[PDB]
Structure formats: C-alpha cells, structure tokens
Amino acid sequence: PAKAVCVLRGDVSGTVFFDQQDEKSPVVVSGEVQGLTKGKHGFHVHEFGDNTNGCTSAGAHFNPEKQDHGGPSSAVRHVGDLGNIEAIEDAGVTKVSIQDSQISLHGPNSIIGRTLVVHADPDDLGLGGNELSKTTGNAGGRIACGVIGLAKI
C-alpha cells in the first residue's frame, strides 16, 4: 500500500494525506484545511511540483489523458480535477474527504512530486461556457499549494 502527503503553504494551511491500498484501487484523500473563506474553493493536482514562483510554477492541471477541464464526476476532466472543498464557515476548519479513481500514487497518473493547489473561488466544473471554464473552471487565484510527497507507511 502507498501513502503521500501535502502540506499547504499560502493564505490557508493544512495537511492532506493520500492513501492507496493497491495500484488498482482509488486514492482516498483526507485531512483538513484551515483559514478558508466561507464557500466553495477549487481543489486540483497541478502538473509540476515546482514552487520557485509560488503556486504559479505548478503549471496547469495535471492532464496526462489530454482532456478539457471538468469536475471529478465529469465525463470530460483532467486527472488532477478534484472539484471543490467547501468551508461551511469563515475561518474554520474544512474537512477534506475525497476518493478518486483517476489519480494514483503509482504509474503514469501518479501524483507523487506534483502540486496540490487550493483556489480562491469555486470550481465551476467546466460549465461556464467559456475558454476559462474549459481550462481552469474559473477557480481564480491560487491561494495555497504544496508538493505531494511520500509519507510514512
């Protein structure tokens, strides 16, 4: 089995774990984010684990299958598309509790060494009918991010 972790750096903080039991099974993504503004926040794995230029150098959404942007349940989506995490209140602690079959901790869809990004605005899941929607989901600015690294156990 495999485990990875991301510690967010930026306007919000938090520790997000990734657990995968077998190469064939989905990845369970858990942990908590603190200091999010109330509301929905876009949440994606971006291609590069590069923070030489803050979250900007993370590049675009991780997209090994060469698709347009969507939500995690969209028929068309980036592998890195994990939708929104939602703060129910201002200045609280948002639980992260996601499972996804596209991302992996092994092989071509492996997210090890890539970057988890939290956004300022809601991910519209690619339903905005413009170029931005098909690329970023109009999630706006990158407010925090971290490189996804191998974790204990």
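Residue numbers run from 1 along the displayed sequence.
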Mean B factor on CA atoms, stretches 29-37 and 59-67, record says higher is 29-37
Per the record, averaged over C-alpha atoms, which has the higher B-factor: 139-147 or 11-19? 11-19
In the PDB entry, which of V117, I88, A120, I111 has its C-alpha at the highest B-factor? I88
Given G49, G42, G54, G92, the residue at which the Cα B factor reaches its maximum: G92
